[PDB]
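> only geometry, no sequence info:
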Ligand SMILES: [Ca+2]
Ligand SMILES: [Ca+2]
Ligand SMILES: [Ca+2]
Ligand SMILES: [Ca+2]
């Protein structure tokens, strides 16, 4: 846990301490500690960044498939379940270990709630894009989602 | 009508004839003429490009607003109605004039169906991004949606 280097490593980029902390701040932790900013805005941003990147890739990889099919192939790659699994294996400990959660949420399995893991994954993508820009975020995403992509066709 | 320069001008970039034609190809025209490729894939792509750009802008312009609010501000800028109006005033003739439509769709008001205009607008953004890349598409979009954005806050 504690050390975030194995995480900054999985990601492949570097993130200032404050931004990475915000990215890992689930709302529960935020409320329990006096109304701290949450990773929700970052999640919102990361969702659009991930959405375009996966859309762009599928568009190029399947020139002959229809919008509808493309929409179906995308849904395979970015659903809550698929995102959470990327967080769970992002690094040895997994992402769950690094998420800041409230007492309640904490002992209720919070650190493994796919829901929370998916949101968290999106927040990080959001932070990366904010700190570095589209192309770097693109790289990182093509790497973490490189497999789930090849899988989508089936 | 016919000449697409006033359009390539409004857009502010240049697009190869074939790509611009595809972008303007509504499915009706496509079916009526033997099963031509449609602007639907381009629309799908343009939607994600527009989505990230507007998300990114609102994120920066309102640092203190919550995800929920941000989601509400975005919906103002990218709804069917808002998109169609951008197409109608994109250029003198408007976009409707340049869309390729089938006989049926044509005389049923097709060229003014906000639905068709919105999709068309998204297809062009899709073509621009495909031809030039994210930053140029970003520019173009920040320009066409520059107003609707300032409006969103109210
Ligand atoms: Ca949520
Ligand atoms: Ca989300
Ligand atoms: Ca449609
Ligand atoms: Ca659409």
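Nice, I can see it. Numbering: from 1, shown residues only, chains lettered A, B, ... in the order given. Ligands and ions are numbered 1, 2, ... in the order given.
> Pull the contacting residues for residue A:31.
Neighbouring residues of residue A:31 by Cβ atoms under 8 Å, 6 or more residues apart in numbering or on different chains: residue A:102. Where you see a C-beta, it was placed from the backbone N, CA and C, and this is true even at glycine.
> mind checking how far it is from ligand 4?
Using Cβ to the ion, to the nearest Å, we find residue A:31 at a distance of 37 Å from ligand 4.
> same deal with residue A:37?
33 Å.
> From what I see, residue A:56 and residue B:46 are in contact.
No: using Cβ atoms under 8 Å, residue A:56 makes no contact with residue B:46, being 11.0 Å away.
> dump the residue contacts of the residue positioned nearest the centre of chain A.
The centroid of chain A falls nearest to residue A:121 when counting by Cα atoms, centre = their mean (1.8 Å). Counting by Cβ under 8 Å, 6+ apart, residue A:121 makes contact with A:46, A:83-84, A:86-87, A:90, A:95.
> Check residue A:46 too.
Going by Cβ under 8 Å, 6+ apart, residue A:46 touches A:121-127, A:129.
> coming back round to it: of the contacts of residue A:121 - the most surrounded one?
Greatest neighbour count in the contacts of residue A:121, by other Cβ atoms under 10 Å in any protein chain shown, goes to residue A:46: 28 neighbours.
> What parts of chain A come near ligand 2?
By Cβ under 5 Å from the ion, the part of chain A that sits against ligand 2 consists of A:43, A:47.
> coming back round to it: keep only those of the contacts of residue A:121 that are in strands.
Among the contacts of residue A:121, none falls in strands (DSSP state E).
> now the residues you listed as CSV including distance to ligand 4?
What follows is the contacts of residue A:121, written out as CSV (distance: Cβ to the ion, whole Å):
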residue, distance to ligand 4
A:46, 22
A:83, 23
A:84, 28
A:86, 27
A:87, 30
A:90, 32
A:95, 32
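> I'd like those residues written out as JSON lines, with distance to residue A:138 added.
Formatted as JSON lines, the contacts of residue A:121 follow (distance: Cβ to Cβ, whole Å):
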{"residue": "A:46", "distance to residue A:138": "13"}
{"residue": "A:83", "distance to residue A:138": "17"}
{"residue": "A:84", "distance to residue A:138": "22"}
{"residue": "A:86", "distance to residue A:138": "16"}
{"residue": "A:87", "distance to residue A:138": "19"}
{"residue": "A:90", "distance to residue A:138": "17"}
{"residue": "A:95", "distance to residue A:138": "20"}
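> Relative to the centre of chain A, find the outermost residue for me.
Within chain A, residue A:64 marks the point farthest from the mean C-alpha position, 29.1 Å out by Cα atoms, centre = their mean.
> I'd assumed it was in a strand, is it?
No: note on residue A:64: no strand contains this position according to DSSP: H, G, I helix; E, B strand; the rest coil, which reports coil.
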